[PDB]
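Residue numbers (the deposited numbering), protein chains in the order written: chain C, 160 to 703; chain C', 160 to 703; chain B, 255 to 305; chain A, 407 to 457. A prime marks a further copy of an entry chain.
Even for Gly, the Cβ is constructed at its ideal location relative to N, Cα and C.
Since the structure comes first, as structure tokens, the remarks are kept for the end.
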Amino acid sequence: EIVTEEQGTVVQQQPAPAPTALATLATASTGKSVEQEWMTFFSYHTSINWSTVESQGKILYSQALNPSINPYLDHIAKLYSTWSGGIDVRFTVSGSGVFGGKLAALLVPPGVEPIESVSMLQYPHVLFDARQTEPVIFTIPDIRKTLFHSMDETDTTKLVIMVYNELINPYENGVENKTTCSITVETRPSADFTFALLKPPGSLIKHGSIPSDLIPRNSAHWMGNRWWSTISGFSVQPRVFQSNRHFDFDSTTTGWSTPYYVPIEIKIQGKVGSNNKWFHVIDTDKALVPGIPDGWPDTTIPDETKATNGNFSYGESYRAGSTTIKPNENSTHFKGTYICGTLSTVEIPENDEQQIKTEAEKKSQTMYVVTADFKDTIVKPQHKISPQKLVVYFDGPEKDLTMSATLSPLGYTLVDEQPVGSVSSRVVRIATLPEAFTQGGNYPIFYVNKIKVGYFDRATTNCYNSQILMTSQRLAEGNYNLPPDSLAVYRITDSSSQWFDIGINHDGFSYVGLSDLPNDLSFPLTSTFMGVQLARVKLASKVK
Amino acid sequence: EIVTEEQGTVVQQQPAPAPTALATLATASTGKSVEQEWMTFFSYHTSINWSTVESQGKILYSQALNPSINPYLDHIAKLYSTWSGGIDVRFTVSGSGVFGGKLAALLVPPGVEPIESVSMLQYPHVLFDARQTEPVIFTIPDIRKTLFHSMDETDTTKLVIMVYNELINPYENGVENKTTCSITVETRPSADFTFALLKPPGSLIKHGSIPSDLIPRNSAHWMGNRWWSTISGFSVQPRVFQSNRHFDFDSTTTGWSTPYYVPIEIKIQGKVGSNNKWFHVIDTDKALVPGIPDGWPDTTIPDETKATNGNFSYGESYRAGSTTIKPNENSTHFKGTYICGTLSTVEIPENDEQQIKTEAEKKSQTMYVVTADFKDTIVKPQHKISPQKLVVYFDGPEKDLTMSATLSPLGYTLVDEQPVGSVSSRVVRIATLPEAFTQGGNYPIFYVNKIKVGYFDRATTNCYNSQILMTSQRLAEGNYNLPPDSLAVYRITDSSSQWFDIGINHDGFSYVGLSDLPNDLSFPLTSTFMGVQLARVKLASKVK
Amino acid sequence: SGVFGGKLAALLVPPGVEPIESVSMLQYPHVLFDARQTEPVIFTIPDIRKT
Amino acid sequence: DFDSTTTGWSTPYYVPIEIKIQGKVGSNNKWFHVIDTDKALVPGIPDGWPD
């Protein structure tokens, strides 16, 4: 016997009413009419502020065709794996009848990235005046070279709206008297829009999905990559770099820790006649790399020093004013290490010879972890990590003890006026060090955290990060698609009326269209995915 | 001017092709036919194992009508706010022609919870034999007393399948020779099924949604409520209780910390001529309750002791064998406190009189936090927390220092053989202490963690939890609906072939249909939401 | 043997999707043949492509 | 409680109480302790023990 997809004998149940009755009762109270109701109404998309300052050429809107534009389509598309068809877009302009000015509408073919310039108007285009009343509906046709689209495709037709003729106001007093009118954009799926093949519930996607959730909605959720503190600033460098918790669009990592902040479980060795301060780490419980423990800080001491017992000691030229800083003043032998509380617990042999148990009865102490070279007399900085260069510093034991501990990064032994990991030479590599250079008009950036120091009341220093923590987790555990020649763009909007575009390249680093972002930024920031653009295209921004 | 929902003038764009052409190309390569394809095929639901052991009366399947049954309907339902109509269910039985036996199909009205008993067959019912071939399709009609359904409704019609006549096999050798055949259940939305009113994208739900995601899919993600370790066992008590990170279905908490594990930021005071070990906490940076710091452990010391300097010291009758334990052996003055690493940093007055800076140049030390009474000479246990009873223990300072720190719970000072928080009297209340008692045949349970101690090599003790951490976060930040008389049920399935039902009551505590769960349980467990049942109904289980 | 029991489900997974060993895959259109088959079942695999 | 809940330790029925007492050797006292009980709702406390 063969059972088809709907095959089966239907049996009637005794306690069952007449469907038609209840059916209409529903339709009646509910008002149900059509099925894909979203086909019968325009849904908000975005809005445009056309001011009298924007001159001829300025692009005020550039959207590419894609089911994502419509919240409804976007949701349904999740069940399917194919799409095709266009999407209608409605612009509703509302300016004074006294105004003057005209916008231009272009339809750019697929496979060609439009540039912002008047020369764009040397292409067939439609105009609509500022005093336009009834909304205009432009249909973005699905010009494609394939039989249908894949959920991962993004190179489609594009509708661009640009300033044709400057906005004018007869009452315009001058330049410092900007005037502006709004334009609201809405979408409605076109008659020929269609989702195609359904995909089995648990199946996986052979070609990753579009990266639209790599940067959380509110900066309130922007934890760091290096440190766990909440991001509170940016840094536009001509060259960004990092290797630990940094993750690739291919879900690969040159690091030794996962995209999470978990406690560190090491094991310290202590023999007699050895060192009584700096210790070597042996084995580990939780680790991604066979030897190096998950989470182990990716930084090393600035200069070489001897394994001498010491404590905090910063010159007077520090937190007593706004003076400068001299690398000589700070003489904290364990400068540069990462401060992290712990839970100590030494082992006891069946024949406790020395006063071991005496140590096992001692209160655990905060260690000062780090990665460096150790020859029992000197501690030299080594950025090439290995299951050997793992050293901790504190009071420690003396006899032949095998003390195991559980660390938890909390602070950092201050060193200079410069942020943590701002120097390549000091960043713990491991084989290779990922990096992202300036690309024409896009400069890479570092996400600035705030790590705690260890002597100055409750002060802290700035810590650099290669990517928001969520960005790392998603690139890690996810499967995203992005053509190397391009980058996933996001709109960062300030708590005021300031904003700038951030683009993530295939490697995993974020870029910006500026060579330096402003300091004054009401940080309760917000983000919104824009789409995928080319790297050789300067990113947008309305700062200053 | 008034613009309707689709109003707008359509303008034709110059560079645009003929839609009809590309349209068909799609339809042709894609095979697109109907729109709600899920209306044309049965989708897997669940399966039933009918063995020759199950006797007349046993219910093998009891599903209530609800769009959630169908993965497709379930997804679409998210756009809407109303539903109504039935759903077809297909049973496909496959047993040997040599078998014998019959199952019964009932249709229970809404508003009546069926009980498992033969007396159920004294109700109209349909039978299908074990050697049935072609699948049978039962339609669950939507019998309702309202005009339509709300996404939060759950009290609908119910289809029950029960053993009518024991399964038989002529080759059945005996009792220890169980035989069994499979039955697979599938669903297909009925002709009259309909989603009704759409809901504005950002709007909120006035009546919370059904609790179907309160317990994660894999136990690998089951972190604790009290401790952050991964759950690894259960404990069926005649009375469960907790108050800290425990959350209510109303998103309320009688605790003082949020559903997350974040570092603790306190402030210790130290004056001359005071105590040199146990210290009082002053202010705090991060806290939910105005005075008590977020995360502060919810346990207190067992007995009263004097503020004397001490260290770990457990009798020999501990970790040297499998002996018992005497509360006299353990003389660790700070028994019961929570071990947690920290980052110390004392303040410096503009006129450092005493040797303050001398302290500011000292390596931070692990503190032993806890909640208790303090009169500088004696430390008595007090379960009624307040911004006063916050005391820490360690070496600390002596002069007039205002030392601020940042804690991080890592361990626990062992005390007895019993798990943490297993005693009401010791659990830090605050005004009231939530609890859940046995309910006829359902006994409340505790989720068992594994917290680290502080002296025994790398050993640990069991820690109790009132709810999986995710459960807490969701009840916290979410909006779920559940009639107090009922409880959200979940199927916990062992890595072998063992399983038991867990029901969460409105208060937030989980229950079980047994008075004691087995120890041997391959813990890579899995969970799957079953629905909402009454509390006066013993939960299912196939253990032993 | 004609005395056995059991069903086997067949399904076509479109391109760009990797199947997994889960019953979830059955929450998709599928036909099924029985262990006690008489005459062979022929499934014809369509060539779904965008080229 | 209205939901069959009881903060107590005994059932809504009056049934006999069964306990075990500890006989003291090195002492002459009249008050004895109870080791354990056989029938109980709450492990440890006998069902029906006075209020």
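Cβ-Cβ separation, residue j to residue i (assumed contact under 8 Å), whole Å
i: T458/C'; j: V538/C'; result: 14 Å between Cβ atoms; not a contact.
i: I374/C; j: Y606/C; result: Not confirmed; about 10 Å, so no contact.
i: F553/C'; j: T525/C'; result: 7 Å
i: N470/C; j: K521/C'; result: 6 Å
i: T687/C; j: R650/C; result: 5 Å
CB contact flag (residue i, residue j, <8 Å)
i: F258/C'; j: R347/C'; result: no
i: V399/C; j: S625/C; result: yes
i: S243/C'; j: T413/C'; result: no
i: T189/C'; j: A355/C'; result: no
i: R385/C'; j: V579/C'; result: yes
i: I296/B; j: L363/C; result: no
i: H204/C'; j: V319/C'; result: no
i: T530/C'; j: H492/C'; result: no
i: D666/C; j: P593/C; result: yes
i: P300/C; j: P268/C'; result: no
i: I460/C'; j: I544/C'; result: no
i: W209/C'; j: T339/C'; result: yes
i: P294/C; j: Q172/C'; result: no
Under 7 Å from the C-beta of residue i: neighbouring residues of chain C
i: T298/B; result: The contacting residues do not exist; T298/B stays about 14 Å from chain C at best.
i: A180/C'; result: Per Cβ cutoff of 7 Å: no residues; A180/C' is ~10 Å from chain C at best.
Under 8 Å by beta carbon: chain C' residues contacting residue i
i: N470/C; result: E520, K521, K522
i: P449/A; result: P397
Neighbouring residues, chain C', relative to residue i (Cβ below 7 Å)
i: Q281/B; result: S202, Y203, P230
i: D444/A; result: Chain C' residues near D444/A: none, gap ~16 Å exceeds 7 Å.
i: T413/A; result: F596
Opposing strand residues paired with residue i [DSSP bridges]
i: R290/B; result: Answer is none; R290/B lacks a bridge partner.
i: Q222/C; result: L318/C
i: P568/C; result: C499/C
i: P540/C; result: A531/C
i: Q524/C; result: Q524/C'
i: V162/C; result: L286/B
Buried versus exposed, by CB contacts within 10 Å (16 or more), residue i
i: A564/C; result: buried
i: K701/C'; result: exposed
i: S631/C'; result: buried
i: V671/C'; result: buried
i: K426/A; result: exposed
i: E576/C'; result: exposed
i: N434/C'; result: buried
i: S567/C; result: buried
i: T199/C; result: exposed
i: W437/A; result: exposed
i: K445/A; result: exposed
i: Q396/C'; result: buried
i: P418/C; result: buried
Under 7 Å from the C-beta of residue i: neighbouring residues of chain B
i: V162/C; result: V285, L286
i: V257/C'; result: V257
Contact set between residue i and chain B, taken where Cβ atoms lie within less than 9 Å
i: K358/C; result: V267, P268, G270, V271, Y282
i: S240/C; result: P268, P269, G270, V271
Contacts that residue i makes with chain B (C-beta to C-beta distance below 8 Å)
i: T316/C; result: The premise fails here: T316/C is roughly 17 Å from chain B at the closest Cβ pair, so nothing lies under 8 Å.
i: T305/C; result: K304, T305
i: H405/C; result: Result: empty, since nearest Cβ-Cβ is about 27 Å, beyond 8 Å.
Chain C contact residues for residue i, given Cβ-Cβ distances below 9 Å
i: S278/B; result: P359, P360, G361, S362
Chain-ordered neighbours of residue i on chain C, where CB pairs are closer than 8 Å
i: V295/B; result: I161
i: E165/C'; result: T199, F200, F201, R347
Within chain A, the residues that residue i reaches when beta carbons sit closer than 8 Å
i: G599/C'; result: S410
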